[PDB]
Amino acid sequence: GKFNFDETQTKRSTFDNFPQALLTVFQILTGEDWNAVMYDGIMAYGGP
Amino acid sequence: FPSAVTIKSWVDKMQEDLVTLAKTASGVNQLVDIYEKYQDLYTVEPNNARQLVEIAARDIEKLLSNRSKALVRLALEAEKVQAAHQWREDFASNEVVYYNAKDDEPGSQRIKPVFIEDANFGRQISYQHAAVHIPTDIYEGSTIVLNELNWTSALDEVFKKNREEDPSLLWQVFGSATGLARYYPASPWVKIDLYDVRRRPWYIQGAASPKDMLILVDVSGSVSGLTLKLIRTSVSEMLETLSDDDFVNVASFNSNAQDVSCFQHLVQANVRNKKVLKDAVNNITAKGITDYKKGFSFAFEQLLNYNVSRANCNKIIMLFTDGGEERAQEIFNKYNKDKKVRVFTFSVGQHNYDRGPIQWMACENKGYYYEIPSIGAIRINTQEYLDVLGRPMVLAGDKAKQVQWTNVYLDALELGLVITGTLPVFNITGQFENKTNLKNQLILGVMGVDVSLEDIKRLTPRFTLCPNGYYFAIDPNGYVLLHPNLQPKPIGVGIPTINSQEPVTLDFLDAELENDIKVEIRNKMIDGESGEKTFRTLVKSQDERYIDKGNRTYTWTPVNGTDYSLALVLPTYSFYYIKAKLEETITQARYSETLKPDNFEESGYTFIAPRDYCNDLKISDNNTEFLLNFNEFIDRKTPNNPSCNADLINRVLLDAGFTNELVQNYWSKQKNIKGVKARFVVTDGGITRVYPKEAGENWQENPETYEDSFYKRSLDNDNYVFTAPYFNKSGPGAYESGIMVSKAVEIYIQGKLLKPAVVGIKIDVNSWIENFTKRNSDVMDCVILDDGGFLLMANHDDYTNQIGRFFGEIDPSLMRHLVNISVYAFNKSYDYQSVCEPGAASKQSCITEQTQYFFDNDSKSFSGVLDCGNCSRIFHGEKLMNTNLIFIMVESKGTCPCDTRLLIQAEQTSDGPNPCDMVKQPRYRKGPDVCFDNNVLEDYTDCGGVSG
Amino acid sequence: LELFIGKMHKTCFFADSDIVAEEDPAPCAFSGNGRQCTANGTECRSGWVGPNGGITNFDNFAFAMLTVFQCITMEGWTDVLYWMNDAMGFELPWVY
Amino acid sequence: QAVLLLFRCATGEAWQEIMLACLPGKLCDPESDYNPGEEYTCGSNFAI
Ligand SMILES: *[C@@H]1O[C@H](CO)[C@@H](O[C@@H]2O[C@H](CO)[C@@H](O[C@@H]3O[C@H](CO)[C@@H](O[C@@H]4O[C@H](CO)[C@@H](O)[C@H](O)[C@H]4NC(C)=O)[C@H](O)[C@H]3NC(C)=O)[C@H](O)[C@H]2NC(C)=O)[C@H](O)[C@H]1NC(C)=O
Ligand SMILES: *[C@@H]1O[C@H](CO)[C@@H](O[C@@H]2O[C@H](CO)[C@@H](O[C@@H]3O[C@H](CO)[C@@H](O)[C@H](O)[C@H]3NC(C)=O)[C@H](O)[C@H]2NC(C)=O)[C@H](O)[C@H]1NC(C)=O
Ligand SMILES: *[C@@H]1O[C@H](CO)[C@@H](O[C@@H]2O[C@H](CO)[C@@H](O)[C@H](O)[C@H]2NC(C)=O)[C@H](O)[C@H]1NC(C)=O
Ligand SMILES: *[C@@H]1O[C@H](CO)[C@@H](O[C@@H]2O[C@H](CO)[C@@H](O)[C@H](O)[C@H]2NC(C)=O)[C@H](O)[C@H]1NC(C)=O
Ligand SMILES: *[C@@H]1O[C@H](CO)[C@@H](O[C@@H]2O[C@H](CO)[C@@H](O)[C@H](O)[C@H]2NC(C)=O)[C@H](O)[C@H]1NC(C)=O
Ligand SMILES: *[C@@H]1O[C@H](CO)[C@@H](O)[C@H](O)[C@H]1NC(C)=O
Ligand SMILES: [Ca+2]
Ligand SMILES: [Ca+2]
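Chains as they are written, first to last, in PDB author numbering: chain H, 674 to 721; chain G, 27 to 130, 139 to 224, 232 to 540, 553 to 827, 843 to 909, 970 to 1076; chain Y, 290 to 385; chain X, 1394 to 1441.
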């Protein structure tokens, strides 16, 4: 519940509930768009 | 410092040097003789306030009854035609033919009209058919629209029929519940288009009754992010569906329920209050847990207040959340067991929470459930709550078919300030046997007919009155339907800080100067009772610079058909008026020959008031071709006047001879005077004449007599009036114009006071200065001020260069002290219809605060010492007799090197008054007495979920 | 850190304002070599935060190291290559 | 540029997006000698 910072769009690869967290972890494991999730994780704690 | 006796004798030598020059050069006494030496070319007719009030209020009622008959004739036919519809679901072959507005097709054929330009219509129109408007977000050619697009085509015949009976008829529009608006006569629609007929103020007031809304906003933790931006926008668009008869308040709950603003209870939800609520809603944040039990208890308590004014009508709680698992059954059981309060619930945002409890809350309390997942659904889903509120209105039957009139608002089709009649249209299919009753509880639409304010100003003629007399009409809410100070501009709120859909609701106490006696007159006029009262009022001038006090008489009666109240403002010396009686030909030919532009060499440069002396003769608003048009009209036209009237033509022609006898027999004798630069006469007929034709190009006053600020100001005063020129090189006004002096002519025909005209001169500033000195002394200052603290001369040259300027902007220290010693009184006002440059966060509407100064005490001799600290300045003040001037002598400002902040008397951009403490003591108002809610036949069996 | 430091900081805003022109902003040329934002009325000047909100840049050792690690995993390295093509010229960044 | 695009696809960056972008219904730059009238012609079904 920390990806609600954009206020203009909804994020699909989040950690909201357990199935979504599992799907996000699997997606990062496959490597596809892992940097996109990392950017959201960084911006959720402030930013650069 | 000279003694008091020396100064007073010094004044009397110069005071009489101005009155005598103005009394002889202008010729105020001679015009008295001219107006008294005939007493046969006119007649003094009584001006009864009680009769005019009751006559003009009967013509206004008849005008609104013509439109009421037009609405009934349209609403009945629409119900009959629609009841005979078959709901065909294919239009490929039987294509519907219609004219679509804002255009250069499955089952539609477009129409190319002729669009002949017409008067009394600022656009091109066509009476052959009726135009159809379909909003951008609604697809034309759909099954619902196309079916709606047949049975409305039978309305075109009735549209034509209503216009034939009354040619002076404005837009007649049908706002369908589907979204399309069909109006007559057809005219092309006026960036992108966002117009929706179902959000207009005239549609909203007729689709339901006044409501006591209360918006509950979920500001818990889970609503943070995108789904809060959707909630804040949804509340803002929801507040736009409320009018002055609706009472609303906004509260938010997150483990604790509190108001989002300073109101703490229901407010009238006008433009001022809605702005405060909108600003506070846009400043909420999401944090905490959700508590529906505490949130709904807070909302149910605010609807049971009854301490303050409410609508005493539809009570609805409108919940803005996302989703939860709490149903709060005990709260609904405890508070509304008998279902007196409706609950509408909204599920906003892209989420996956439980909508079960939200849906259950909706229809357990006779409400409806809505989905707002994105921005595109905000516009449509926040206006559909009126369908539920309209259920008791349709079940009432023919007792709910009452014509209502909206507030004054600017027309969508660029027509000006208009009001709209309103009448709903019902679904009565199958009612002959009463078997369907399922979709028959929703209105088909709303009937509308527009009445312009120009049509109402025509039924109240003001040209038999003095320029200080006028009519004004009031709303039960207190707003003015008619007023001279009402302007075709939207009313603003606050300062526009940037990095016309609202109605023009101007209150009576805000249109003019507020007084403790106006309030009781306003209350007596709101509740509809006739009366009259004569009392002393202090009146703001036409230009917001001077305040003058004079007697006024207010006479009011209620308009019987409607809920409006009409009042006539009429001062003293205006109970009689000059009516010209003269029909001979050769006595009018000589008068008309005076208005020839080629005769201005000896008769002075002559103006003419752009009045509708005679239909044909149109107005040009330039007074260059209009005079040529007018004088070439009178000779090339039979004197019998088959169409227009001669009362407005005899009066102007009679005063043409009266002013001719003055410019010829007295002004020509004294061709040039050392101290006189121009000579002007302004009459009630509507002509102004300046003898020096070379000085006729310096005339900046309005050609219409009734709009001249100095003319109205001169009538109230019994002495000469000095008008200071404008500042900041606003045209030629510094040295080549002069200082305007005016004096009203007073005649006594049979002992009855009349003021038909004013006369005066333009004193040249250059020649008056020498008389003032008989110079630039470094010890003492000699300045002259008028009634209002505007500089007219000084004794330091540099001060003279800045002429016609407020004395507080050139010497703040002395001006501020003058107010404290009670020589200059002042009241501030608020100008809600004003435009100003935006500030840091073109031009936009804003509220500007206006202040004017006037002589408070009647004493004439003033003396005192101005102490500015570690120094001392002594002054003496003497007011000139028979004049609104004051002379004050003070030492130079360089003797005491102190300079406080300059005192500004100008259009100051403000945001007051503060509305947080206005709602504590709101103005008296009366609401509609008809309420339609809580009908036992209401179905309400579709909550929000049986369809999803 | 040596080849290019602080070069992704120039996108094209509107004329005499602080609003970016395009929806997906990209850097201009650092000094008249790479991308030139040519619209009706536009100019580009320093003041931009960065392509990915400031996360993707070589203007710090930590930022450069993170971007290098991201590029090695073959995930979103062409984006950085294109941003250098826009900011710097066109023949140097392809070698790196 | 073609070799760089092929290397990008070899590393597997957005190769399916490029394949979609190389479909028949695509406009052609105003520099090729193409018959007047039909601009949206270049692009072939052989991209897949
Ligand atoms: C005034 O009230 C009358 C009745 O009180 C109302 O006339 C009724 O109109 C509805 C249409 O809204 C007719 O409904 C018929 O039955 C269904 C209901 O939609 C339609 O079949 C499909 O229904 C689905 C919804 O589930 C819909 O999406 C689809 O488009 C429909 N059509 C298909 C699949 O082809 C029928 O098409 C529809 N029409 C028929 C059968 O002709 C009622 O039958 C009408 N009732 C009467 C007594 O005429 C009228 O519209 C109201 N006035 C206005 C302005 O709306
Ligand atoms: C909805 O649109 C329909 C298609 O335009 C209208 O249906 C047609 O209206 C015509 C005009 O009245 C009819 O033409 C004549 O109708 C009279 C009356 O019954 C008869 O003389 C004939 O039926 C016909 N005359 C001819 C063909 O010479 C059509 O009959 C009628 N039906 C069709 C074309 O199938 C509806 O009237 C319209 N609904 C409303 C409420 O206006
Ligand atoms: C509005 O209607 C009322 C009555 O419905 C009118 O009251 C009249 O008042 C006069 C006194 O001024 C009485 O002589 C009449 O008898 C009253 N009328 C009736 C029907 O009794 C009132 O004048 C009407 N107002 C207007 C402006 O027409
Ligand atoms: C006004 O509202 C208050 C509270 O909502 C009502 O309650 C009374 O308020 C007055 C003054 O505060 C006091 O009599 C008591 O504190 C309250 N209770 C009772 C039983 O009076 C009040 O009734 C409302 N109306 C008025 C006229 O005050
Ligand atoms: C407009 O006129 C003056 C402007 O200062 C004010 O009227 C006086 O207000 C003071 C304030 O208490 C009173 O003591 C005086 O008795 C008032 N003078 C009167 C009533 O003649 C006030 O601001 C305005 N007057 C109104 C609103 O009636
Ligand atoms: C309309 O109003 C006028 C005056 O307001 C009145 O004479 C007339 O009878 C009314 N009705 C019609 C149909 O003109
Ligand atoms: Ca919650
Ligand atoms: Ca990849």
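Even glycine gets a Cβ: it sits at the ideal position worked out from N, Cα and C.
- Annotation for G/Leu344: no beta strand (DSSP E) segment contains it, and DSSP assigns it neither H nor E.
- Per DSSP, the continuous alpha helix (DSSP H) segment holding G/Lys49 begins and ends at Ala30 to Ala51.
- The CB of H/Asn708 never comes closer than 9 Å to any CB in chain G; the least such distance is about 22 Å.
- The shortest C-alpha to C-alpha distance from G/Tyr394 to any of G/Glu366, G/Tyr173, G/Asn698 and G/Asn475 is the one to G/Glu366.
- Within the same chain, and ignoring the five residues on either side of G/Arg432 in sequence, the residues whose Cβ sits closer than 6 Å to its Cβ are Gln482 and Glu1066.
- With its beta carbon at least 8 Å from every one in chain G, H/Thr697 lies outside the interface.
- In the DSSP assignment, the residues bridged to G/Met848 are G/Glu1019.
- Chain H places a beta carbon closer than 8 Å to that of Y/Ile344, counting this residue as a contact.
- Relative to ligand 2, the beta carbon of G/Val107 is positioned inside 7 Å of a heavy atom.
- Placement of the Cβ of G/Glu191 at a distance of 7 Å or more from every heavy atom of ligand 1 is found.
- In terms of Cβ geometry, G/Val811 and G/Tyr61 do not form a close pair [threshold 8 Å].
- When beta bridges are read from the DSSP output, G/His167 appears opposite G/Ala215.
- Residues lining ligand 2 by the Cβ criterion, that is a Cβ closer than 5 Å to any of its heavy atoms, are G/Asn120, G/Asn184 and G/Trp185 in chain order.
- Residue-level contact by beta carbon fails for Y/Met373 and chain X, as no gap is shorter than 8 Å.
- Annotation for G/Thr470 indicates a beta carbon within 7 Å of some heavy atom of ligand 1.
- Look at the region 322-333 of chain G: it has no residue with a C-beta under 7 Å from a C-beta of chain H.
- Using a CB distance cut-off of 8 Å, Y/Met377 does not count as an interface residue toward chain X.
- Every residue whose Cβ sits closer than 6 Å to any heavy atom of ligand 6 is listed here in chain order: G/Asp85, G/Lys88, G/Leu89, G/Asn92, G/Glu199 and G/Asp200.
- Within the same chain, Cβ atoms closer than 7 Å to the Cβ of X/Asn1438 are found at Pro1417, the five residues on either side in sequence being excluded.
- One alpha carbon belongs to G/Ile878, the other to G/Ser1020, and they sit about 12 Å apart.
- Around the beta carbon of X/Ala1440, fewer than 16 other beta carbons lie within 10 angstroms, which makes this residue exposed.
- For G/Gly209, the three-state secondary structure derived from DSSP is strand.
- Between the alpha carbons of G/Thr186 and G/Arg216 lies a distance of about 8 Å.
- Only those residues of the region 265-277 of chain G whose C-beta falls short of 9 Å from the nearest C-beta of chain H are listed: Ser265, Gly266, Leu267, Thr268, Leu269 and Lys270.
- Look at G/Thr558 here: in three-state DSSP terms it is coil, with no helix or strand label.
- For H/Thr687, no chain G residue has a Cβ inside 9 Å of its Cβ, as the nearest lies near 11 Å away.
- Taking 8 Å as the cut-off, the beta carbon of G/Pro663 is found closer than this to the beta carbon of G/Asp674.
- For ligand 5, a non-hydrogen atom lies closer than 7 Å to the CB of G/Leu591.
- Linking G/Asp1070 to G/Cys404 through their CA atoms gives a straight-line distance of about 8 Å.
- Residue-level contact check: Y/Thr327 does not touch chain H, since none of the beta carbons of chain H fall below 8 Å from its beta carbon.
- Under DSSP, the beta-bridge partners assigned to G/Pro72 are G/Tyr629.
- Residue-level contact by beta carbon fails for H/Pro692 and chain Y, as no gap is shorter than 8 Å.
- Not one heavy atom of ligand 1 falls within 7 Å of the beta-carbon of G/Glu278.
- Using a Cβ distance threshold of 8 Å, G/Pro517 and G/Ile570 do not count as a contacting pair.
- Think of a sphere of 9 Å around the beta carbon of H/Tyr712: the chain Y residues whose beta carbon falls inside it are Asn341, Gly342, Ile344 and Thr345, in chain order.
- G/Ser293 has G/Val258 and G/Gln299 as its beta-bridge partners, per DSSP.
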